[PDB]
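Trainee: partial complex follows, first chain(s) only, in situ:
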Amino acid sequence: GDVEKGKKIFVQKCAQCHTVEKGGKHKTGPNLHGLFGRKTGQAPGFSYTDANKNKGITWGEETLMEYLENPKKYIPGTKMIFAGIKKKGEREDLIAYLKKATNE
């Protein structure tokens, strides 16, 4: 995916609920720093739904590709209000940006 295109998508559709940098505050949604390689619902200090905390998968390119296409379908009961991103390419770009931004 194209990191720059993904940055635009993140800013437009995610930033209002999520920060990606280390130490970034939790907002409506949890801070995403360290996302890749971590299990669902493990960011300290954020009140996740039990649905999220119990999904039990590890965040990575593949799990994110599915989750972002339709959040509610992948994690029934999630309190994340987001319809999903239909275009495969757009999800690829966004995930490429997340891979970088949540690890710097």
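Mentor: In hand now; what should we look at? Numbering: from 1, shown residues only, chains lettered A, B, ... in the order given.
Trainee: from residue A:72, how far off is residue A:99?
Mentor: In this view, residue A:99 and residue A:72 are 24 Å apart by Cβ to Cβ, to the nearest Å. (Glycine included, C-beta is placed from N, CA and C.)
Trainee: ok, residue A:93 next?
Mentor: 22 Å.
Trainee: if you count surrounding residues, which of these two has more?
Mentor: residue A:93 (22 against 15; other Cβ atoms under 10 Å).
Trainee: in chain A, where's the longest helix?
Mentor: When chain A is parsed with DSSP state H, its longest helix is helix A:88-101.
Trainee: which other helices and strands does that one contact?
Mentor: helix A:3-13, helix A:61-67 (3 or more Cβ pairs under 8 Å, 6 or more residues apart in numbering; DSSP states H and E).
Trainee: return the distance of it from the chain's centre.
Mentor: 10 Å (Cα atoms, centre = their mean, to the nearest Å).
Trainee: what of stretch A:26-36?
Mentor: 7 Å.
Trainee: how about it as PDB, C-alpha atoms only?
Mentor: The C-alpha trace of stretch A:26-36 is given here as PDB (Å, rounded to 0.1, in the frame of the first residue of the first chain):
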ATOM      1  CA  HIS A  26      -7.000   7.900  24.200                       C
ATOM      2  CA  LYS A  27     -10.100   9.600  22.700                       C
ATOM      3  CA  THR A  28     -13.400   8.100  21.700                       C
ATOM      4  CA  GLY A  29     -11.100   5.200  20.500                       C
ATOM      5  CA  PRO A  30      -7.800   3.900  22.000                       C
ATOM      6  CA  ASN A  31      -4.400   5.100  21.100                       C
ATOM      7  CA  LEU A  32      -3.000   2.800  18.400                       C
ATOM      8  CA  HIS A  33       0.700   3.000  19.100                       C
ATOM      9  CA  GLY A  34       2.200  -0.500  19.100                       C
ATOM     10  CA  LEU A  35      -0.800  -1.900  17.300                       C
ATOM     11  CA  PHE A  36       1.000  -4.400  15.100                       C
END
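Trainee: one step back: tell me the buried residues in the longest helix of chain A?
Mentor: Judged by neighbour count using 16 or more other Cβ atoms under 10 Å, the buried positions of helix A:88-101 are A:90, A:91, A:92, A:93, A:94, A:95, A:96, A:97, A:98, A:99, A:101.
Trainee: ok, so of those, who is nearest residue A:6?
Mentor: Ranked by distance to residue A:6 (Cβ to Cβ), the buried residues of helix A:88-101 are led by residue A:97 at 2.9 Å.
Trainee: the closest one contacts residue A:6, doesn't it?
Mentor: Yes - between residue A:97 and residue A:6 there is a contact under Cβ atoms under 8 Å: 2.9 Å.
Trainee: what's the closest of the buried residues of helix A:88-101 to residue A:33?
Mentor: residue A:101 (8.6 Å).
Trainee: show me what contacts that closest one?
Mentor: A:7, A:10, A:20, A:21 (Cβ atoms under 8 Å, 6 or more residues apart in numbering).
Trainee: same check on residue A:27?
Mentor: Shown in contact with residue A:27 (Cβ under 8 Å, 6+ apart): A:16, A:17, A:18, A:19.
Trainee: while you're at it, add chain B from this line:
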Amino acid sequence: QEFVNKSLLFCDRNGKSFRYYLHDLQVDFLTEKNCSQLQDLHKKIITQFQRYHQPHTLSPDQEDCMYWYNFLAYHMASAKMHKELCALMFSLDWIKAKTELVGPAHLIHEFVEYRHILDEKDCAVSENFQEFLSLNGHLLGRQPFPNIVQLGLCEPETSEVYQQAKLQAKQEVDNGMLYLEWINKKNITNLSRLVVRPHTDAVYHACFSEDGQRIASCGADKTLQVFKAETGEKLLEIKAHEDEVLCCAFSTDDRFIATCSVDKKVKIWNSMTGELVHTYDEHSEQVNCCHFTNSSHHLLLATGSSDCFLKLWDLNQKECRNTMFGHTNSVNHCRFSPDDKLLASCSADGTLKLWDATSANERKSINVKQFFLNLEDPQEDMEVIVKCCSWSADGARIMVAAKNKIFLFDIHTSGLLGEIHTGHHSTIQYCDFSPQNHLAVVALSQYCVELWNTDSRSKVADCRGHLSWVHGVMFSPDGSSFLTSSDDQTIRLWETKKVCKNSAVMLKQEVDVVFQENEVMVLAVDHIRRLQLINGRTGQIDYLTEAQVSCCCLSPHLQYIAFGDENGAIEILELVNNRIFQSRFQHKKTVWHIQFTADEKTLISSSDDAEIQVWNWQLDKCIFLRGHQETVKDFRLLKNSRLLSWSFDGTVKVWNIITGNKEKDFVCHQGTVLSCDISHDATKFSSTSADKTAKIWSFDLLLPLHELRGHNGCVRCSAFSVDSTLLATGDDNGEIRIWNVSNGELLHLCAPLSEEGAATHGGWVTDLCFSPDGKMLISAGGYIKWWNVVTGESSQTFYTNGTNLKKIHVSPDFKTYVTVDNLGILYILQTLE
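Mentor: Now chain B, sitting on the chains shown earlier:
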């Protein structure tokens, strides 16, 4: 200049201009000295003006252009010429000009203030104008601009504004203008009292001045905007922060307004000038809660943040009076009790803390363990996360909500006084307690807002009002009314007494339309259980009952009704004999697209998985189209027995119905496929457009015939013309481009925007419908605007009440129109004869 030279007049030299004025006392003197000559002067300049320029002629190019709109009504009123005041202000032309030159708030203020000035009938009319004006103020100050004249046609028949505008429309000949009559206008739209949109960006916090005179709001626009509660006239434009402003609040006296933001600074501004007065910054994280002491006796400022510390600031100083530590998690909210000595802190960790501001020491800690829920979940009892925390009238009690229950805690005993169970079992995200009737407004989740009567512990009403997630709700300073604000950045004022009442006026957004030739039926999800099929143009409400279906589908030749469910399985009920039904279990996720074959038998369905189900009901035979794609995005029956389907894989396959057989296989995109359309005629051509380009094909070849590369920003949607020869595509911004289907070319970009001169379209497009003529393209989106194919527009008229129209269903007569906006308002439109 001589008057000024004699101290009779003051002069504010505006550069090259000379704006003359009097001081307050200087005016008061003549006010008393002069008598009846003043009314003669009022009446005189009215006639004299008209002898020279008409007040409607009066263009903004004049110097006195706004003068006459700001003062002519004042002159007539002062003159006590209520007949002239009536003639002046009861006019959509007068309103139009005044609102395009001056603005609608002053106007509204006059229609209110003049209620005691006008005659009885006139007041009744002016009240129609008071409601009329609530319609606008959306488009005013922005593009496009409202046509105040035509706006009148949206008023109720009862309304004088309608009767006047409608009769006038009838009087004025051939005005192509084209208007629609909304047949059941009277049954739909539960019009709220007031619509306010204070920010262009996300709104984060808003509140009433203590006086109730003005409303301050702040948000992602990084500024503080304060406007008069009465009129909406903007009072303060203060560029408070360098980063998004998280919350803001009034001081005791409304003399200061403090803002706290992402920049982690606490800034107290003089509400008068907006200059920085006090500034504080000790928190490590972004500040979550800032609140002034309530009483003017002690001057303390409480703040709390994600850094889990509390800071008590002495307003008398530049420094923190005491840092308070002791929460186990982040602090979400904090409030001073009416008793300036007690500070209550609410946090994520499910504890309420009572702090003694006198000693700055923790007094008592309430562990909110009162919600007892023992789940099978191996983890400990349901952890309680407290949300909204509001004070009782007493100040000794805090009404909180958490989990599934509303609790009343006494801060002095640290005991529990009341326990109310709320709607089903979810998590209350936001809430507040009404000072009257022991009502509580609980925004449970996903903009479901339930009004409950606590103590009585009974649900009162389902408060509907926004499609988007409700961000905040707050009460008027009287407590006689309240307003809700959502992600749709729309503030709607509601009368509590009205909210307590039940209503069938508006429908849920989940609706659909079936035109049966001469008649039209509207399918709409019922307020509670299942759904009502309402035959329009008659009362005939046919309620169907069920386990709560998710979607319905009618078979060809009817005689069968099919419906999907969250389970994925579909059940088909025979309509000839309602005891016979078939259902064959399939699909893991909620079923998606559902559609019968050309024949009345066999149902094809798809879902989130990789296969398309061919369900031969009655026999319950399952034939699967093993596409083995990430997910079947959608499909549609083609004219022949071929079946068009696509995934997000950038693929479009063509199968056979009944028996899956992928005859053709197109790989058009590099990503998400959003819909696909056919040439209608036959099926000679079919094309796609999705986050890329628009490729078109003939089916014969496995590869597409031509790629329309026109949009670099990536095309979003497309649709063929009705058989003509055109293919329309929609861009990210809703720019519609018309392409001619002759192998492929560069045809005109018609996207009329601008453009208040006649209405810009709002932007974006949700649906396209070519006129039967093939000459016009009806574009739907914020509202319906008729464009002209290849250059030009057309009917600029008929502004819809809501926005984000979902699917336009045009009657086969092309005489009536049925659609639904984002508010779930049913549009039953008949072309005005």
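Trainee: now with chain B: the buried residues of helix A:88-101?
Mentor: Of the residues in helix A:88-101, A:88-99, A:101 count as buried by neighbour count, 16 or more other Cβ atoms under 10 Å in any protein chain shown.
Trainee: just stretch B:297-312 next, same as before
Mentor: Under the neighbour-count criterion of 16+ other Cβ under 10 Å, stretch B:297-312 has B:298-312 buried.
Trainee: and these near chain A, which?
Mentor: residue B:306 (Cβ under 8 Å from any Cβ of the partner chain).
Trainee: which single one of the buried residues of stretch B:297-312 is nearest to residue B:378?
Mentor: Nearest member of the buried residues of stretch B:297-312 to residue B:378, counting by Cβ to Cβ, is residue B:308, at 27.8 Å.
Trainee: you'd agree the closest one is in a strand?
Mentor: No - going by DSSP: H, G, I helix; E, B strand; the rest coil, the assignment for residue B:308 is coil, not a strand.
Trainee: so which strand or helix has the spatially closest residue to residue B:388 that is not a sequence neighbour?
Mentor: Closest residue to residue B:388 apart from its sequence neighbours, by Cβ to Cβ, 6 or more residues apart in numbering or on different chains: residue B:431 at 4.0 Å. Element membership for residue B:431, per DSSP states H and E: strand B:430-433.
Trainee: ok, residue B:419 next?
Mentor: strand B:416-421.
Trainee: for residue B:461, same thing?
Mentor: Assigned by DSSP H and E, residue B:461 falls in strand B:458-463.
Trainee: now do residue B:3
Mentor: helix B:2-5.
Trainee: and that helix, C-alpha only, in PDB?
Mentor: Listed next in PDB are the C-alpha coordinates belonging to helix B:2-5 (Å, rounded to 0.1, in the frame of the first residue of the first chain):
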ATOM      1  CA  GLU B   2     -20.800  71.400  11.100                       C
ATOM      2  CA  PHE B   3     -22.800  69.400  13.600                       C
ATOM      3  CA  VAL B   4     -19.500  67.700  14.600                       C
ATOM      4  CA  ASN B   5     -17.800  71.100  14.700                       C
END
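Trainee: which strands or helices does that helix pack on?
Mentor: Helices and strands touching helix B:2-5, by 3 or more Cβ pairs under 8 Å, 6 or more residues apart in numbering or on different chains; DSSP states H and E: there are none.
Trainee: show me how far the next helix or strand after it is from its chain's centre.
Mentor: Heading C-terminal from helix B:2-5, the first helix or strand you meet, by DSSP H and E, is strand B:10-14. Centroid separation for strand B:10-14 versus its chain: 44 Å, with Cα atoms, centre = their mean.
Trainee: ok, residues contacting strand B:10-14?
Mentor: Residues from elsewhere that reach strand B:10-14 (Cβ atoms under 8 Å, 6 or more residues apart in numbering or on different chains): B:4, B:18, B:19, B:20, B:21, B:22, B:23, B:26.
Trainee: how about stretch B:669-681?
Mentor: Identification of contacts with stretch B:669-681 by Cβ under 8 Å, 6+ apart yields A:85-92, B:633-634, B:636, B:638-639, B:644, B:646-652, B:685-692, B:695, B:716-720, B:722-723, B:741.
Trainee: rerun at 6 Å
Mentor: Contact partners of stretch B:669-681, identified using Cβ atoms under 6 Å, 6 or more residues apart in numbering or on different chains, comprise A:86-89, B:633, B:646, B:648, B:650, B:652, B:685-686, B:688, B:690-692, B:719-720, B:723.
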